[PDB]
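Chains as they are written, first to last, in the working numbering: chain F, 3 to 84; chain L, 1064 to 1158; chain G, -2 to 151; chain X, 2 to 82; chain V, 114 to 143; chain B, 3 to 735; chain C, 40 to 93.
Think of the CB as a built atom: it goes at the ideal place given N, C-alpha and C, for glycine as much as any other residue.
Structure first, commentary second.
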Amino acid sequence: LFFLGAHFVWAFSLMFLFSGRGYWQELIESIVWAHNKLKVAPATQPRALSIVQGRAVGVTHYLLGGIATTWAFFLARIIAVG
Amino acid sequence: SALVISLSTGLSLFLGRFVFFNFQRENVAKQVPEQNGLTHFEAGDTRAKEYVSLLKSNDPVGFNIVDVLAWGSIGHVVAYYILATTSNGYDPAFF
Amino acid sequence: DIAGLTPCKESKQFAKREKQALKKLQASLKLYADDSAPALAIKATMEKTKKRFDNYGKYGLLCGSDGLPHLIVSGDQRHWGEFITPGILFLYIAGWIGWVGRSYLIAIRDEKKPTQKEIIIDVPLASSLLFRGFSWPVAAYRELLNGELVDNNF
Amino acid sequence: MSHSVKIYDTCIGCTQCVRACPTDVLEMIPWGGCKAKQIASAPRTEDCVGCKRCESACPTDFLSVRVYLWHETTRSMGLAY
Amino acid sequence: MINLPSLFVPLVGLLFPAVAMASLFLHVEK
Amino acid sequence: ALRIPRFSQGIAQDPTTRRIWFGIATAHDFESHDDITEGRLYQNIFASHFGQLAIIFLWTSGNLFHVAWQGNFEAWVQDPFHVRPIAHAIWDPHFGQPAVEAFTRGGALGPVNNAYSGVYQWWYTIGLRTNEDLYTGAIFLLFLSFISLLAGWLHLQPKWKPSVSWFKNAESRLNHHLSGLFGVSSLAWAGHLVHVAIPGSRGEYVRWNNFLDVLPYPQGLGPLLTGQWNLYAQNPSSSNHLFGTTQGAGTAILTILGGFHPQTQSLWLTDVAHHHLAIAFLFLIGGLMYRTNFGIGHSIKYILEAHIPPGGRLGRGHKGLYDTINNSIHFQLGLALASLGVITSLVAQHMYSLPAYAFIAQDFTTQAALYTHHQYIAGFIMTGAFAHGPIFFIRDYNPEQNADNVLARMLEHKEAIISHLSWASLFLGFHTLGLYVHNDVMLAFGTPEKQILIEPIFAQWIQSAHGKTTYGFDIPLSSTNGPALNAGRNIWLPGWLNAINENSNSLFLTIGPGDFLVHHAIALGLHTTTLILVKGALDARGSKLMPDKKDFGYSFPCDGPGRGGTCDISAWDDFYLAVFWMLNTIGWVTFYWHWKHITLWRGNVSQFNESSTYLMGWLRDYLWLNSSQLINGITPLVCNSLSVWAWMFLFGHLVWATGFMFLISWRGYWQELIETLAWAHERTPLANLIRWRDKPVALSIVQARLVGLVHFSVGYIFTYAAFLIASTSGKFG
Amino acid sequence: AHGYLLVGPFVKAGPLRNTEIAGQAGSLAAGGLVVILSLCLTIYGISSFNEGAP
Ligand code: CLA
Ligand code: CLA
Ligand code: CLA
Ligand code: CLA
Ligand SMILES: CC1=C(/C=C/C(C)=C\C=C/C(C)=C/C=C/C=C(C)/C=C/C=C(C)/C=C/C2=C(C)CCCC2(C)C)C(C)(C)CCC1
Ligand SMILES: CC1=C(C/C=C(\C)CCC[C@H](C)CCC[C@@H](C)CCCC(C)C)C(=O)c2ccccc2C1=O
Ligand code: SF4
Ligand code: SF4
Ligand code: SF4
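Okay, here's the thing in structure tokens:
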């Protein structure tokens, strides 16, 4: 029941690892627009991730993803036969 | 049941509305002018549409449907025949 | 009734699910609490999923094959409150999340400079604003369409 | 184009504003006043590489600047060598 | 003669490539 | 420092490799590289894709010519039972003997892979029987596919106009096409099936010699021209057929009528032809809709014009969509792509459930590696469709020329457009993901009950309207009869479009809670995939973070750091980003069929039904069940029948993985150590003097977003390629 | 010198190795490599032409 999540979290990292940055900006405004119509956004200028933060949220996830995957894969083949 | 020749009667209702103008007035296709060679230039790119030319035939050639459609389809059509047929002709009714 | 086979009143396939499974989780012949005071499969965890019973409620409830329930939610027969009953509920609760979203917000921008009030939060949850949300009768549902947020504010 | 990334702005004043960039920019041309009145997007640019260190600081107030020449030297590359 | 149709894999998959990897080193020069 | 391969100068110079890599991968982008004039360009794409059609026939020729010295028909017609009919003979020197294991297939000596490609059922599928009758294949197609080159040149050469202006009409063309082409292209087909093929299907044979002597009939075409028409359809077939031999085969061309067949599925031979005929009026009646300088009919502006259903009193223009789409050539190549894209799947999702083919589906490997090469592609299009309609916006497109005017207005009121798109996804997001973890938290919690599944009406309901037949309903005002349809009945829908419920091969399979999710997760695909393509497109012209972002609109990938920090914010790098979800939809979708089908074939159905529901055990069985077989073709104790596939399947996992470099590497790190690694030679003996013609470099900053991809893709698409086949082949299904 | 190399490399490590044939021990394929090698070598002497007899 972990082995699916965290075998998910990993396959979420690539999004953070593989992508632009003024992209989620360019997107974050379409958002910010819809937001202003109802009067619900501006204050605390919502901003995309800090080029290298984006890399910080790669990696870190790619690891706690790709890793606990086996932490699961393991404890599941020594408990019970072996 | 199915009036099959209800509608093939029907479609050469309209394309005899095609037998049209090749015959009468002038040389044919009202020209070519535009087609080979090409347009002024034009260049929107471009014309010609008139909402007004539905007149001329709609009354004249209203008949054409009939001509096969009537007496010629379900006719025994071109019964009034004979006219050189040793190799053979007839053509004898499938009706 | 609508295709997945019918309710509790009979769903054999469903019955077989009741039984094996749990009843076997039972089928550890014992493992021993003959007095013993702790270990709780024994009592409920079964019985709390188990004194689920020819009763469940009753609930209708469709039970496809393998007798797991399917939810139609049509407006028919038995099934209406498998979406609407807990549907308007979802709506009502949300929207009184964001009616106050569009509130401990449209209350500042104002006075002497308000540039990040927002990260500390006087009063928390707005609260004051909060109850506005249950005390919406109608609320946005006409005021959003007229005046205040108004087409001009549009 | 062969180096064409617009950093222009309007003040083109360069005090506590921007200088950074390997050679490329001599500016201080003036144009017949703007307050500080040193203007233009550039000096002659066939010399150095492709930074956007070019803004990073002192306004461009439309586009940032960036890679784009395409038409690319070696000296303008860094590597030939 | 008996059993011998093996030339349209080197002429192609081997020698044709030789031609072009040579030849097309026209991209460098000619 | 030489001057070198030309069109560019910009390119023609840098020593650094970029000169080659790039050399190849402009070739195709004609507009606005050195050569180009609106007269050059056009023609320079015209005698290009006359170099097209051309290469499609050197493909087709050999498709028919690695058949008929070897690899059966004259055994596959004799009567063809799901064993292993052949394309071609493998010949590799690397092979072991263990080659003797198929890598050779009953009858033929050569080891071959045999055909998954659709044809064998279509070359046969109409007539074309006979193993002494055929080597024809290339002979024609090729004595065709060279003519395909001849105009190429002929129309190349100025004398006989290649013709510039000529390329902008429409009306004339498309007034020609959707009659001349399609219409008579049908018709003529309607022709062929009927004189030469249907006779082969019931058939006894046509013999090469006689066209006149062969008649369908005894008293001949018969009035027909005379309309009765009707009575073709009396006693056309007789269902218990012995197909291709009579005995009850019967001869009145054409039908609605009789059978789904236990012998054949598919589509009664006649009907694929009255249809091919039937439509061939409408397009011919359609063709002849616009001008050609005679003075009848219609001009393409002035129906768009001041035309317009809404407003008319609204305040939105129509004016010149026609010279902005005509003048664009990208608008062109992107309403082209899509239509094709939308219909490439309509092809491929109808081709199943409704295969046209003797002995297919229930051949049922080749039915499952042919739904997808038409799902891949088709998805693969769509993207490019959406991608040439964000090039129109930058290279072409004319804000003053367009304005107030409905295509504009699309830019103008755009911030909404991506939002009411992104609102669909985010909703379609967490809500599919609540339902599937919850569905997997429950289980293995060991309450399966207290699973949440919707048995999902909306489809089942469609398919009452049609039917049948599963257990009734009336459905108030149908009622399972009484109100029957009444206006309609015995004519039209007959026995046909009545498989009903029919596990084996129904058309319609009986949908439940497993299908109320994938079906919401294919829907979260083309939505997300398109919020990024819609967006990608909308501001290729660009936004706030870039106002400018133009005159290279498309691929300018990257920008300097600062501002907020700016990156894959070219409409190409959103296209670049798009292609991952077109590789994720076109995966959920294909994934879906197969598991379903698979299970359907020695089939429990049940199994998908409980095992569509939740995410784990989408691995466990499917994905985990049924790799089974392939993974040992290697298996240590020697090699079993499929080895190509599993080695491909790991070739699959490498090409993929090795994407990532390109993708988590970013030219900076690579270039710099090549700066140290090009101090080697320059410094180290017996390696020296010795000059590159091209300076060492590390790949440009757009290039590798591609290459990882165009790498991510093969791996991925070469793995399922090898996966499904390597598992729908043993089976069990 | 580079010549009689490339023997035990492809006559003792050959594809199905330790040969019983008259050929290898062998010229064989290796003689084929000096040909591929030697012209892969020439179309590099199209980097310099610079052409004379002195
Ligand atoms: C039916 C086709 C159709 C047509 C007529 C065109 C025509 C054009 N496209 Mg195009 N395109 C299409 C479909 C089409 N496209 C689709 C479906 C996509 C994505 C789904 C694209 C994505 C695309 C991009 C990004 C661009 C174009 C561009 C162009 C223009 C230049 C072509 C070029 O750069 O190729 C030259 C390419 C080569 C000579 C080869 C390099 C290509 C690589 C990536 C190989 C692809 C994968 C390959 C099969 C894997 C290797 C095989 C493996 C077995 C080893 C030209 C107008 C360019 C343009 O002008 O826009 C401004 C460019 O931006 N297209
Ligand atoms: C990128 C991909 C590409 C590739 C490689 C293929 C490959 C294939 N497709 Mg295909 N397809 C594609 C894109 C592709 N397709 C697209 C984009 C579409 C949507 C339009 C389709 C729609 C499609 C259909 C509907 C089918 C296929 C089928 C096939 C298979 C049959 C072999 C064949 O096509 O011979 C090609 C043959 C020719 C090019 C020659 C025939 C063309 C005739 C109609 C020409 C008529 C001209 C005539 C002479 C005019 C007469 C005038 C006068 C006599 C009156 C083959 C696997 C078939 C299949 O199911 O296999 C089982 C079939 O079902 N495809
Ligand atoms: C498996 C995947 C992973 C996940 C979860 C996502 C999720 C998403 N991608 Mg994405 N992506 C991925 C991999 C992933 N991607 C990869 C590998 C690529 C290519 C390299 C992309 C390329 C891509 C593009 C181009 C776009 C997206 C977009 C999106 C969003 C679309 C909206 C949606 O689907 O519903 C919403 C999200 C979900 C259903 C995921 C779960 C999110 C919630 C439920 C988090 C759970 C809360 C949790 C309990 C709290 C834990 C946090 C912490 C406190 C411990 C969504 C957030 C688009 C977007 O921005 O939409 C506006 C679009 O921009 N992706
Ligand atoms: C499976 C993977 C793929 C491959 C093949 C490589 C390979 C390499 N990476 Mg790498 N990398 C990858 C994915 C991959 N990476 C990914 C996904 C990431 C990040 C997500 C990285 C991040 C990374 C970094 C930071 C570095 C590397 C480096 C390297 C190089 C290490 C030196 C070496 O042993 O190479 C040679 C050996 C191989 C590539 C493996 C063997 C290949 C086999 C199949 C033989 C094929 C050869 C044969 C003659 C083919 C010709 C046949 C013909 C038909 C073409 C090597 C080129 C480093 C480097 O350059 O140091 C020297 C550097 O440190 N990588
Ligand atoms: C079912 C049904 C039916 C019908 C149907 C129809 C008729 C339809 C639909 C639907 C549709 C009809 C759809 C469509 C789609 C399309 C698409 C999806 C396209 C796309 C694309 C795009 C959108 C593009 C865009 C662009 C851009 C991006 C920019 C500019 C340029 C261009 C334009 C390129 C019938 C009859 C049987 C009846 C019953 C029901
Ligand atoms: C997806 C993606 C984004 C978009 C990701 C974003 C915007 C994540 C930030 C989302 C925050 C964490 C949401 C915070 C909102 C809540 C904390 C506020 C309400 C508080 C609660 C009680 C819910 C980038 O910004 C990016 C930047 C650089 C390289 C790659 C990427 C990248 O791949
Ligand atoms: S950076 Fe901009 S503002 Fe500063 S001097 Fe240059 S042009 Fe002026
Ligand atoms: S980085 Fe940009 S601004 Fe700076 S010198 Fe180079 S080109 Fe000029
Ligand atoms: S490579 Fe990095 S630093 Fe350079 S432009 Fe792109 S994102 Fe910015």
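| Nearest-angstrom Cα separation, counted from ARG175 (chain B) out to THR294 (chain B) | On the sixth sequence, position 292 is the one that residue 294 (chain B) refers to. On the sixth sequence, position 173 is the one that residue 175 (chain B) refers to. Roughly 9 Å between the two C-alpha positions.
| message | Can you determine whether any heavy atom of ligand 2 sits closer than 8 Å to the C-beta of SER643 (chain B), and answer yes or no? | response | To locate residue 643 (chain B), count along the sixth sequence from 1; it is residue 641. No, the beta carbon of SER643 (chain B) sits no closer than 8 Å to any heavy atom of ligand 2.
| task | May I ask you to report which of helix, strand or coil DSSP gives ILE58 (chain B)? | result | Taking the sixth sequence and counting its residues from 1, one reaches residue 58 (chain B) at position 56. If DSSP states are grouped into helix, strand and coil, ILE58 (chain B) belongs with the helices.
| field | Below-9 Å beta-carbon distance, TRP35 (chain F) vs any chain A residue | value | Protein chains F, L, G, X, V, B and C are contained in the structure displayed, whereas chain A is not.
| query | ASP553 (chain B): buried (16+ other C-beta within 10 angstroms of its C-beta) or exposed? | reply | Here residue 553 (chain B) corresponds to residue number 551 of the sixth sequence, with the count starting at 1. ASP553 (chain B) is exposed by the Cβ-count criterion.
| If you count every other CB in all the chains shown that lies within 10 Å of the CB of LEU1066 (chain L), and 16 or more means buried, which is it? | In the second sequence, counting from the first residue as 1, residue 1066 (chain L) sits at position 3. With fewer than 16 Cβ atoms within 10 Å of its Cβ, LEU1066 (chain L) is classed as exposed.
| query | Any beta-carbon of chain B closer than 9 Å to the one on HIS67 (chain G)? | reply | Within the third sequence, residue 67 (chain G) is the residue found at index 70, counting from 1. So, interface residue.
| Within the 9 Å Cβ cut-off, does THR62 (chain F) reach chain G? | Indexing the first sequence from 1 puts residue 62 (chain F) at position 60. Cβ-Cβ to chain G under 9 Å: no for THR62 (chain F).
| Mind checking whether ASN611 (chain B) and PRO458 (chain B) have CB atoms under 9 Å apart? | Here the question's residue 611 (chain B) lines up with position 609 in the sixth sequence. Here the question's residue 458 (chain B) lines up with position 456 in the sixth sequence. Not in contact: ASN611 (chain B) and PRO458 (chain B) (Cβ atoms no closer than 9 Å).
| query | Over what stretch of residues does the alpha helix (DSSP H) that includes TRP125 (chain B) continue unbroken? | reply | Here residue 125 (chain B) corresponds to residue number 123 of the sixth sequence, with the count starting at 1. Start and end: 122 to 127.
| message | Below 7 Å on C-beta distance, what does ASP1108 (chain L) contact in chain B? | response | As a working note, residue 1108 (chain L) is residue 45 in the second sequence. Against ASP1108 (chain L), the close residues of chain B are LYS170, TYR324, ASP325, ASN328, in the order they occur along the chain (beta-carbon pairs closer than 7 Å).
| query | Taking the Cβ atom as the reference point for each residue, do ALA14 (chain B) and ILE22 (chain B) lie within a distance shorter than 9 Å? | reply | On the sixth sequence, residue 14 (chain B) is found 12 positions in, with the first residue counted as 1. On the sixth sequence, residue 22 (chain B) is found 20 positions in, with the first residue counted as 1. Their beta carbons are not under 9 Å apart, which means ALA14 (chain B) does not touch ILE22 (chain B) by this criterion.
| field | Cα-Cα separation, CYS569 (chain B) to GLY22 (chain F) | value | Here the question's residue 569 (chain B) lines up with position 567 in the sixth sequence. Here the question's residue 22 (chain F) lines up with position 20 in the first sequence. Their backbone Cα atoms lie some 5 Å apart in a straight line.
| request: Quick one: residues in its chain with C-beta nearer than 7 Å to the C-beta of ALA525 (chain B), no 5 flanking neighbours on either side, listed in chain order? | output: Residue numbering aside, residue 525 (chain B) sits at position 523 when the sixth sequence is read from its first letter. For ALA525 (chain B), where only same-chain residues beyond five positions count, the Cβ hits under 7 Å are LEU430.
| query | What are the residues of the segment 226 to 257 of chain B that lie near chain L, defined by any Cβ-Cβ distance shorter than 7 Å? | reply | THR228, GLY229, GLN230, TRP231, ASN232
| Do you know whose CA, among B:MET584, B:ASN642, B:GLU417, lies nearest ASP541 (chain B)'s CA? | By 1-based counting over the sixth sequence, the position of residue 541 (chain B) is 539. With distances taken between Cα atoms, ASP541 (chain B) lies closest to B:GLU417.
| task | Go ahead and pull the three-state DSSP assignment for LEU413 (chain B). | result | As a first step, residue 413 (chain B) is located in the sixth sequence; it is residue number 411 there, counting from the start. Three-state DSSP puts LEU413 (chain B) in coil, outside helix and strand.
| task | Could you tell me if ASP517 (chain B) is buried or exposed, where buried requires 16 or more neighbouring beta carbons within 10 angstroms of its beta carbon? | result | Reading the sixth sequence from its first residue, position 515 is the one you call residue 517 (chain B). Label assigned to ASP517 (chain B): buried.
| Outcome for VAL196 (chain B) when other beta-carbon atoms lying within 10 angstroms are tallied against a minimum of 16 | As a first step, residue 196 (chain B) is located in the sixth sequence; it is residue number 194 there, counting from the start. So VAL196 (chain B) ends up on the buried side.
| query | Are there three or more Cβ pairs, one per stretch, closer than 8 Å when the segment 500 to 515 of chain B is compared with the segment 477 to 487 of chain B? | reply | no
| field | Continuous alpha helix (DSSP H) assignments of at least 4 residues falling wholly in the segment 263 to 303 of chain B | value | 273 to 288
| Nearest neighbour of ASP1122 (chain L), chosen from L:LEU1074, L:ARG1080, L:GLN1087, L:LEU1070 [CA to CA] | By one-based count along the second sequence, residue 1122 (chain L) stands at place 59. It is L:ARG1080.
| query | Could you give the residue range of the alpha helix (DSSP H) that holds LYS13 (chain G)? | reply | Translated into positions along the third sequence, residue 13 (chain G) becomes position 16. 9 to 16 is the extent of the alpha helix (DSSP H) around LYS13 (chain G).
| query | Mind listing which residues of the segment 39 to 71 of chain F have their C-beta closer than 9 Å to chain G's C-betas, in chain order? | reply | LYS39, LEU40, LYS41, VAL42, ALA43, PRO44, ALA45, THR46
| Using DSSP with H/G/I as helix, E/B as strand and the rest coil, what is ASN407 (chain B)? | Numbered from 1 along the sixth sequence, position 405 holds the residue referred to as residue 407 (chain B). Note: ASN407 (chain B) maps to strand in three-state DSSP.
| query | Measuring CB to CB, does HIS84 (chain B) end up less than 9 Å from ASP273 (chain B)? | reply | As a working mapping, residue 84 (chain B) is identified with position 82 in the sixth sequence. As a working mapping, residue 273 (chain B) is identified with position 271 in the sixth sequence. Not a contact, by the Cβ cut-off of 9 Å.
| Just by C-beta distance, which residues in the segment 1081 to 1096 of chain L are closer than 8 Å to chain B? | Result list: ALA1092, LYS1093, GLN1094, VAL1095, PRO1096.
| query | Cα-Cα, which of V:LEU139, V:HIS140, V:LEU120 is closest to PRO95 (chain B)? | reply | Here residue 95 (chain B) corresponds to residue number 93 of the sixth sequence, with the count starting at 1. Nearest of V:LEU139, V:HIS140, V:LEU120 to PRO95 (chain B), Cα basis: V:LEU120.
| query | How would you label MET114 (chain V), buried or exposed, when you count the other beta carbons within 10 angstroms and need 16 or more for buried? | reply | By one-based count along the fifth sequence, residue 114 (chain V) stands at place 1. Flag for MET114 (chain V) reads exposed.
| request: For residue 182 (chain G), collect the residues of the same chain with a Cβ closer than 8 Å to its Cβ; drop the 5 residues on either side in sequence, then sort them by chain order. | output: Coverage of chain G is limited to positions -2 through 151, which leaves residue 182 (chain G) absent and any answer about it impossible.
| request: Using a Cβ-Cβ cut-off of 9 Å, state whether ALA131 (chain V) counts as contacting chain C. | output: For the purposes of this step, residue 131 (chain V) is taken as residue 18 along the fifth sequence, with counting starting at 1. Under the Cβ distance rule, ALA131 (chain V) counts among the residues neighbouring chain C, one pair being separated by less than 9 Å.
| query | Between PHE262 (chain B) and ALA192 (chain B), what straight-line distance do the alpha-carbon atoms span, to the nearest angstrom? | reply | Numbered from its first residue, the sixth sequence carries residue 262 (chain B) at position 260. Numbered from its first residue, the sixth sequence carries residue 192 (chain B) at position 190. The straight-line gap from Cα to Cα measures roughly 22 Å.
| Bridge partner(s) assigned by DSSP for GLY319 (chain B) | Along the sixth sequence, read from residue 1 onward, the residue named residue 319 (chain B) stands at position 317. Partner(s): B:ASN407.
| Residues within the segment 555 to 568 of chain B neighbouring chain F, beta-carbon criterion of under 8 Å | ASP561, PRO563, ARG565, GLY566, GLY567, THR568
| message | Is residue 154 (chain G) close to chain B? Criterion is C-beta to C-beta, closer than 9 Å. | response | This structure cannot speak to residue 154 (chain G), because chain G is shown only from -2 to 151.
| query | Beta carbon of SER3 (chain X), beta carbon of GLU47 (chain X): below 9 Å? | reply | Translated into positions along the fourth sequence, residue 3 (chain X) becomes position 2. Translated into positions along the fourth sequence, residue 47 (chain X) becomes position 46. Contact flag set, yes.
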